[PDB]
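Just one chain is shown here, as structure tokens, and it is the form deposited in one PDB entry.
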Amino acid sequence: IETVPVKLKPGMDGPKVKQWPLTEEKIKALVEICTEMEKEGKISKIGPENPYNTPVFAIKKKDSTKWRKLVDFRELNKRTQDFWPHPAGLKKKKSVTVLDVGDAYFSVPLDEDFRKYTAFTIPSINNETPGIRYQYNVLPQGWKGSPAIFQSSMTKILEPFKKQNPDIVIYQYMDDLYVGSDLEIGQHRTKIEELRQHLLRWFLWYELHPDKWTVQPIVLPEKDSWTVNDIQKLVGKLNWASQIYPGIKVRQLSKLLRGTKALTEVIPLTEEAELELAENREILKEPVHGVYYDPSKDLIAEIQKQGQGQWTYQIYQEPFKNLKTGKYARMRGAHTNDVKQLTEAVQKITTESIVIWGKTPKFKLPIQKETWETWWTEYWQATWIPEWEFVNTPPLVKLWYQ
């Protein structure tokens, strides 16, 4: 009931980010939503004395048809004062469920002097009327201070469930609660239904699990007949992997390509060449040497489009030091829409990153800036938004992860 004093970081003004265009349906949904939040006192209209702004738009979460208000607090979160633990068990758990606990934030007042920086604008079509300007009175969904400030209340609500179930790992990131287990889904959902019940006894009606390899092994072909082209591709892949792995050698394989030969011609492997290829296999079976996570440095996520709905990704902090690699093969929403697939890949990769390290990575997207910025909000279903940059030059490496 007593607000926590919050201030921006030293030497930084409040956010002043342009509101981007919205469709009529999203504007109509945002009006209905904000009209009701106004009556509930969560937000209040503001005047021209407020120069600050944060973009707003609308989404439909997974398996629901109801519009939800999403605010892009990325700029405010950067400039918000760092407010002063990550469970390594969450990644190791067999099954983790994700719960939207954001509505809980709306029962906590926001510091009076800080409300000015939560200002948002509902745009008008064709600029025909002025924008509807609001600011928050309660803790906003998507703000980094909202979990921080609410943490004191959250532990109190969850200590009963935690004592009753100690094997359950519980983790909170933004509006999301991550609840891990090693039990069966039916009882998992039963314990999950139990957690919601505690939440109803002050909330909304995602099932995920870890996969086998953290870093997917590099694999080489096993053939009985090698063409010149097969051996050229292999030498290329091994030269690339030699930037990651120490003792990769290609001399005995490159020697087979001696002469000016037709690409489709079969070349039998020499005994020296078979041994070299086997030693490289052995090298690639071991882990990468000296790969550490540093919480100070940013995480970097790279995505390649491999075609036919397949996508590859690598998370790292230093080049050739992969903390995780993976491959996403099917996106149900879009066999005809590359951008929907990419957007769902970014969301899956961010979720995994939240589980493993408890922070989102910076993405390098295989897309032109203008195409991505036009369409990603149409397919976004998460309450957080990561950072991203754009790759304009085709990487030669796409082959090596294929």
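When you see a residue number, it is the position in the sequence shown, counting from 1. We call the rigid core the largest set of C-alpha positions that still match within 1.5 Å between the two forms.
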(message) Tell me whether residue 204 is absent from the model in at least one third of the other entries compared, counting only those where the residues either side are present.
(response) yes
(request) Quick one: classify how much of the deposited chain lacks coordinates between residue 205 and residue 206, choosing none, 1 to 3, 4 to 9, or 10 or more. (result) 1 to 3
(message) I'd like to know the size of any gap between residue 84 and residue 85, counted in deposited residues with no coordinates: none, 1 to 3, 4 to 9, or 10 or more.
(response) 4 to 9
(message) Averaging CA B factors per stretch from the PDB record, which one is higher: 220 to 228 or 289 to 297?
(response) 289 to 297
(request) Higher average CA B factor in the deposited record is what I'm after, so tell me if that's 277 to 285 or 164 to 172. (result) 164 to 172
(request) Tell me which of 302, 72, 265, 184 tops the list for C-alpha B factor in the record. (result) 184
(message) Looking at the C-alpha B-factor values in the deposited entry, which of 124, 197, 312, 239 comes out highest?
(response) 197
(message) Split into thirds by Cα B-factor across the chain's modelled residues, where does residue 343 land: lowest, middle or highest?
(response) lowest
(request) Would you please rank residue 11 by its C-alpha temperature factor against the other modelled residues of its chain and give the third it falls in: lowest, middle or highest? (result) highest
(message) For the chain shown, is the CA B-factor of residue 306 in the lowest, middle or highest third of its modelled residues?
(response) lowest
(request) Select lowest, middle or highest to describe the third in which the CA B-factor of residue 244 falls within its chain in this entry. (result) lowest
(message) Quick check for you: using the entry's CA B-factors within this chain, is residue 333 in the lowest, middle or highest third?
(response) highest
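FYI, the form deposited in another entry isn't displayed, but the following is about it.
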(message) Superpose on the core and compare between the shown form and the other one; which one of 144, 281, 91, 133 crosses the 2 Å Cα shift mark?
(response) 281
(message) Is residue 106 displaced by at least 2 Å at its C-alpha between the shown form and the other one when the rigid core is overlaid?
(response) no
(request) Indicate whether residue 36 shows a C-alpha shift of 2 Å or more between the shown form and the other one, with the rigid core used for the fit. (result) no
(message) Relative to the superposed rigid core, does residue 74 relocate between the shown form and the other one - that is, does its Cα move 2 Å or more?
(response) no
